[PDB]
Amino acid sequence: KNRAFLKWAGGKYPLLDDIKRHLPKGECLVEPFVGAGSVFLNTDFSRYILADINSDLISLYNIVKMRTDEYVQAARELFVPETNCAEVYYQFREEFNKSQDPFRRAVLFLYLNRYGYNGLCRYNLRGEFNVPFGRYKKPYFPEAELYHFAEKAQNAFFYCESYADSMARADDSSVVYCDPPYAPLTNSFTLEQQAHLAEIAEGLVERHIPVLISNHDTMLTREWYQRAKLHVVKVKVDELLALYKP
C-alpha cells in the first residue's frame, strides 16, 4: 500500500481493499473528486484523469508532476524544527494567502497541510486558508510519497473542474470512481449535487461506462444510489459502495 503525501479529510487509504474489490477494469480511471489520491496511488490503470474543485490542490499536483526535484527540495526546507511553532506557522499562513505564485503556494500548501490542525484544508469566503496551528511533535516529511506520486503522475492529467465536467471526459475505455464529500450522517457540496452525481452516473452506465461511488450508508444515499448494486462496508455509520455496472 502506497500512502498519499497529503493528510486529507475523507482519505480512503483504510478502504482501499474494499474499493479495489468492486472497481472494474479499464484503460483509464477517472476520479472527479481526487482529493489526496489514495485510489490513484494504489491502482494500476494505464492512464488517469484526476480532477478536483480545489485549485491549490490541482496546481500543486501539476508542479509535483513536472518539477519534482525542485519541489521536494523547496518543501523539505520547511520541515525543520525551526518552523515548528505558532509564530512561524502563522507568518507562513499569511505568506501563503498573500502569494500569487504557483510554486511558492504549492510548497507552502504541504507545510500547512502537515503543521496545521488535523490536516484540515479550509478557506474563508475571501479565499484565504484559515486553519490554525496543529502543535505536532514532528510533522512527517513525505519524501518517498512525493516521488512515488510524481512517478505515477507521468500517466495522469490533472484538471481543476467540478465533477460534471470531469465525468463528461469518460469514454468507452474508462472506469469512474467518485468519492464526493460525505453525506449528512453556502460554498460547499450540496444535497442537490449529491443527487445530481448519481444522475450522471446513471447516464454513464447507460453508455456502458462503469461507475463506483463511495459515501456513508444512510437512508439518503440508499435513495440516491437506488439504481446501483450496493455494498456495505462495516465501520459511527457504515460505508457504502454503489456500483453502476453496464
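Position 1 is the first residue in the sequence shown; the rest follow in order.
- In this entry, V235 and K236 are separated by 10 or more residues of the deposited sequence that lack coordinates.
- Unmodelled residues of the deposited sequence between neighbouring positions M219 and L220 number none; the chain is continuous.
- As recorded in the PDB entry, 188 to 196 is the stretch of 207 to 215 and 188 to 196 with the greater mean C-alpha temperature factor.
- Looking at mean Cα B-factors across 18 to 26 and 226 to 234, the upper value is held by 226 to 234.
- For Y182, the recorded CA temperature factor ranks within the highest third of the chain's modelled residues.
- Ranked within its chain, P132 lands in the lowest third, by CA B factor from the PDB record.
- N113: CA B factor in the lowest third of modelled residues in this chain (values from the PDB entry).
- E82: CA B factor lies in the highest third for its chain, per the PDB record.
- In the deposited entry, the Cα temperature factor of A75 places it in the middle third of its chain's modelled residues.
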